[PDB]
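Trainee: Quick one: the structure is below, questions incoming.
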Amino acid sequence: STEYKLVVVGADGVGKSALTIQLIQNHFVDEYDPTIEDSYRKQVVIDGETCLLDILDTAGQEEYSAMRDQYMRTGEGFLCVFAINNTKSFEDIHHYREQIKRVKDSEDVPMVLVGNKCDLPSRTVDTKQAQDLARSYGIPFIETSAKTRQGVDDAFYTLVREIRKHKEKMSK
Ligand SMILES: Nc1nc2c(ncn2[C@@H]2O[C@H](COP(=O)(O)OP(=O)(O)NP(=O)(O)O)[C@@H](O)[C@H]2O)c(=O)[nH]1
Ligand SMILES: NC[C@@H]1COc2cc(Cl)ccc2O1
Ligand SMILES: [Mg+2]
Ligand SMILES: [Mg+2]
């Protein structure tokens, strides 16, 4: 029983909620109901550990940056979601990461870059662009589809492995 606080961040409409609901409830939400904030728990076994995941599913846009600051201080790792057909959402990852680092006063923050909607026929953000940026940041990159469930579990479980690695580091 280790608890892990995961926050799912990203621009409007990239699939934050569809990903999270696939993880928690195992179905795909076809509808677009914009999020205020939602909280979910999931117990899972990852590499033999019993993990309690406390997941925050965030809004695409806040009216209040104090709300953004708060989740950024609370989360232990961040699922940084863009959509592969949304350039601006990819670009926004830079901004999220800079804010998170500021708010935490730290260069070392557990994160996973997620390129969602990989089921779509055309992408405007290429996998190589995204892989190269993740390499730069020293974080994993995973392509996902909440529609088909491709990559959903591996995205969240990878973020847990990154938070474990971080705690291991902050010890030594
Ligand atoms: N084809 C496809 N559509 C998807 C995928 N994920 C989400 N969608 C669709 O994209 C729309 C937005 O999804 P949603 O999960 O609500 O996005 P969000 O990032 O949570 N929006 P918000 O920022 O307002 O909370 C919905 O119509 C949803 O079904 C995906 O992987 N593939
Ligand atoms: N309701 C949002 C606040 C701030 O951020 C949170 C982050 C997590 Cl993982 C859980 C609950 C949280 O509470
Ligand atoms: Mg949402
Ligand atoms: Mg957002």
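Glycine also receives a Cβ, built like all others from the backbone with ideal geometry; neighbour counts cover every protein chain displayed. Values quoted throughout were computed directly from the atomic coordinates according to the rules given, and no laboratory measurement underlies them.
Trainee: Take the residues of the stretch 61-99 that are in a helix (DSSP H, G or I) and within 13 Å of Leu6 (Cβ to Cβ): which is farthest from the chain's Cα centre (by Cα)? Reasoning before the result, please.
Mentor: Step one: filter the stretch 61-99 for residues in a helix (DSSP H, G or I), giving 65-74, 87-99.
Now drop any that are not within 13 Å of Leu6 (Cβ to Cβ), which leaves 71-72, 74.
On the way: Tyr71: 13, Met72: 12, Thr74: 14 Å.
Taking the candidates together, the pick is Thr74.
Trainee: With respect to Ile21, determine if the residue is among the β-branched types (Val, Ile, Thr), more than 16 Å from ligand 3 (Cβ to nearest atom) and either touching a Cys at 6+ places or on another chain (Cβ under 6 Å) or in contact (Cβ under 8 Å) with a residue 60 or more places away in the chain (or both). Full working, then the answer.
Mentor: Details: among the β-branched types (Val, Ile, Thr): yes; more than 16 Å from ligand 3 (Cβ to nearest atom): no; either touching a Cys at 6+ places or on another chain (Cβ under 6 Å) or in contact (Cβ under 8 Å) with a residue 60 or more places away in the chain (or both): yes.
Answer is no for this residue.
Trainee: Within the stretch 40-61, how many residues are within 9 Å of ligand 3 (Cβ to nearest atom) and either under 15 Å from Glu162 (Cα atoms) or among the polar types (S, T, N, Q) (or both)?
Mentor: First, the residues of the stretch 40-61 that are within 9 Å of ligand 3 (Cβ to nearest atom): 57-60.
Now drop any that are not either under 15 Å from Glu162 (Cα atoms) or among the polar types (S, T, N, Q) (or both), which leaves 58.
Residues flagged as within 9 Å of ligand 3 (Cβ to nearest atom) and either under 15 Å from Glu162 (Cα atoms) or among the polar types (S, T, N, Q) (or both) within the stretch 40-61 amount to 1.
Trainee: Of the conditions (1) of a type outside the set (A, V, I, L, M, F, W, C); (2) surrounded by 16 or more Cβ atoms within 10 Å (Cβ to Cβ); (3) within 16 Å of ligand 1 (Cβ to nearest atom), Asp54 fails just one. Which one is it?
Mentor: Of everything listed in (1) of a type outside the set (A, V, I, L, M, F, W, C); (2) surrounded by 16 or more Cβ atoms within 10 Å (Cβ to Cβ); (3) within 16 Å of ligand 1 (Cβ to nearest atom), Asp54 misses just condition (3).
Trainee: Here is a check on your reading of the model: is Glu37 more than 13 Å from ligand 3 (Cβ to nearest atom), over 19 Å from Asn85 (Cβ atoms) and of a type outside the set (A, V, I, L, M)? Lay out the reasoning, then the answer.
Mentor: Values: more than 13 Å from ligand 3 (Cβ to nearest atom): no; over 19 Å from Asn85 (Cβ atoms): yes; of a type outside the set (A, V, I, L, M): yes.
For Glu37, the condition - more than 13 Å from ligand 3 (Cβ to nearest atom), over 19 Å from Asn85 (Cβ atoms) and of a type outside the set (A, V, I, L, M) - is not met.
Trainee: If a residue has to be closer than 24 Å to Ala59 by Cβ, surrounded by 15 or more Cβ atoms within 10 Å (Cβ to Cβ) and within 16 Å of ligand 1 (Cβ to nearest atom) to count, how many in the stretch 95-136 make the cut?
Mentor: Total meeting the criteria: 10.
Trainee: Filter the stretch 146-159 down to the residues that are of a type in the set (S, T, N, Q) and farther than 15 Å from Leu79 by Cβ, then identify the one that is surrounded by the fewest Cβ atoms within 10 Å (Cβ to Cβ). Break it down stepwise before answering.
Mentor: First pass over the stretch 146-159, keeping only residues of a type in the set (S, T, N, Q): 148, 150, 158.
Filter once more, keeping what is farther than 15 Å from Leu79 by Cβ: 148, 150.
Numbers: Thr148: 12, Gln150: 17.
Residue satisfying both the conditions and the ranking: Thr148.
Trainee: Keeping to the stretch 37-49, report how many residues are surrounded by 10 or more Cβ atoms within 10 Å (Cβ to Cβ) and out of contact with any strand residue (DSSP E or B) (no Cβ under 7 Å at 6 or more places or on another chain).
Mentor: Result for the stretch 37-49: 1.
Trainee: Considering each residue of the stretch 1-60, count those that are farther than 20 Å from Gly115 by Cα, hydrophobic (A, V, I, L, M, F, W, C) and assigned to a loop (DSSP other than H, G, I, E, B), and give that number.
Mentor: Residues in the stretch 1-60 being farther than 20 Å from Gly115 by Cα, hydrophobic (A, V, I, L, M, F, W, C) and assigned to a loop (DSSP other than H, G, I, E, B): 1 in total.
Trainee: Does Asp92 satisfy being in contact (Cβ under 8 Å) with a residue 24 or more places away in the chain, under 19 Å from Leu23 (Cα atoms) and surrounded by 15 or more Cβ atoms within 10 Å (Cβ to Cβ)? First the steps, then the outcome.
Mentor: Working: in contact (Cβ under 8 Å) with a residue 24 or more places away in the chain: yes; under 19 Å from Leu23 (Cα atoms): no; surrounded by 15 or more Cβ atoms within 10 Å (Cβ to Cβ): yes.
The answer is no for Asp92.
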